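Below you'll find only one chain, the form deposited in one PDB entry, shown as structure tokens.
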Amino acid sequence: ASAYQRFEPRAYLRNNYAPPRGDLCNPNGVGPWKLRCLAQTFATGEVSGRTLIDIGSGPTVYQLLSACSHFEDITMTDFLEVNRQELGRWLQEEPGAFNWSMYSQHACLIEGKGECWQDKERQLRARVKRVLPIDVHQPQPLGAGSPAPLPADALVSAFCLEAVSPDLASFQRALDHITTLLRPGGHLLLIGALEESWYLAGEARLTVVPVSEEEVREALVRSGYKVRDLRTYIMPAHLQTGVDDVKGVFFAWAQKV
């Protein structure tokens, strides 16, 4: 809550999206694994629609690279102004923006349609219509008079809920809150840390609720989802680096029903 007030976006990016965790060359790393889950999922042609919302985007865009070719209206979100500012720096190709081009290139590699990475970034930048504040603790996380088209055909969320929740029930309630944004029959792609209890973002020291795969699954069910897919990536030693205590990463593909 107040902890997120010290949250340094550049320190978070550095910690998680620069070497070693950001080395995309080795297929056995977490970056490649995440992009694979995303790419494979959309390549099924079963997650489709006009509008999409990314929950708790932070200062990162990688989580939409494969998504952006299946949704013409994309909304990004975060609780922090500084994170929203950092996104704009990349959306507007402004000065000092974070360099996502390695991830773009890899999404292009993985998707295998021979797309160049610049075309990919262009499409993402074009389809992102708005960056909005959000609080998942609020039963109406986007507030009242939201410019975002509701309900969304699909949701994506990476490393948010467990990271903003003191315990299971809060995680459960947060999942309930975002779920109200999703149209019935719609899809949620959810990615997150497994059995993590803290991580660092510069001066900020954030508390995390350690969750298991089974816990994640049960929560989705409780929230009204059929779980179509749930995979775990176990975190190799070399990617365990003092910035946190994550044990694995989960990917869930859930369908509101």
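Between two forms, the rigid core is the largest collection of C-alphas that superpose within 1.5 Å. All residue numbers are counted from 1 along the displayed sequence.
A second form of this protein, the form deposited in another entry, is not displayed here; the remarks below concern that form.
- Comparing C-alpha positions between this form and the one not shown after a rigid core fit, one residue in 207, 69, 40, 212 moves 2 angstroms or more. It is 207.
- With the core superposed, residue 236 shows a C-alpha displacement below 2 Å between this form and the one not shown.
- Core-aligned CA deviation for residue 22 between this form and the one not shown: less than 2 Å.
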